[PDB]
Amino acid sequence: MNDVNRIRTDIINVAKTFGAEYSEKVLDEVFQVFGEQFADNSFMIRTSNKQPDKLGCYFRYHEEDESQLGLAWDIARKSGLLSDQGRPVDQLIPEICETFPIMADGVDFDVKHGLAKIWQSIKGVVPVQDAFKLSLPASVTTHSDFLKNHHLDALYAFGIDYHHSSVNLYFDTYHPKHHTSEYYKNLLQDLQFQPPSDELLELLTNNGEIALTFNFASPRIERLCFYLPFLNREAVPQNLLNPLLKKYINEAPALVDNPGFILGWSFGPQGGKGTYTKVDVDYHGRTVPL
């Protein structure tokens, strides 16, 4: 309705204000197909820190209505927003749906390049080894011992990245160690990843979500990400945010007066590529309170 145009307008305004590359033609094509899904579902607009002087911009939605599960992938394929090119990643969503009961799915979009990722949430958690029969990067299986040792073995969701041919695995933080700062410090050390600030370590004892990234091109775990919810702009730890991300916290568009946020901290190899911050506004006001 007005609601879809409202959302599309806000994304463009975000991209223009914060210096993100964007394509109106790609935004037009995405919204023609998924516009109503954005208005009717949990929906977030994300900016991130991947390059020092400009924020990238992404938008994503999460579908939990049982009757609609599977439609995102079917819609994406039939419309041509997602073509399978025989990539090892192109077979994973059908394998996942044939293997596990799915309780939610979602799609991530890049404002420049379009459909980027599809998520599938399992109905329950499974031992991660139950997933080893999927056509996942071989690095998932070869880290089975590491995943056990760090209690990253209660799997509940997959993220399938079609732009980068990578897979994110999301793990339930079930263990008493997941409530200690030492666990996160030790986890990043063991991975030889960039060390976290003491401020972040203290926040991470709230546990949040953890995701690990595996790529078909690499024998190594590529990246990991910690996610924490925040009930409003004032709750966000602003000392952890560069000036552009601080401006985003104070100006991100939403349909409530004081939206919540989900921040993600991505970590990669020490002195390498994958350490940066993601900030997602709870556009409708319904995502974070849950």
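Rigid core here is just the name for the largest C-alpha set that superposes within 1.5 Å across the two forms. Just count from 1 along the sequence shown to find any residue number.
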Taking the root mean square of C-alpha distances over all structures and residues in 4 other deposited structures of this protein, with a rigid core superposition, name the larger of 181-189 and 205-213. 205-213
Between 106-114 and 69-77, point out the one with the higher average CA B-factor as the PDB entry records it. 69-77
Per the entry, where is the mean C-alpha temperature factor higher: 170-178 or 194-202? 194-202
Among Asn186, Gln85, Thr213, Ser144, single out the one with the highest C-alpha B factor in the record, please. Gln85
Is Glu24 in the lowest, middle or highest third of its chain when residues are ranked by C-alpha B-factor? middle
Is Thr47 in the lowest, middle or highest third of its chain when residues are ranked by C-alpha B-factor? lowest
Which third of the chain holds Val30 when residues are ordered by C-alpha B factor: lowest, middle or highest? middle
By the entry's values, the third containing the CA B factor of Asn149 is the lowest
By the recorded C-alpha temperature factor, relative to the other modelled residues in its chain, which third is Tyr58 in? lowest
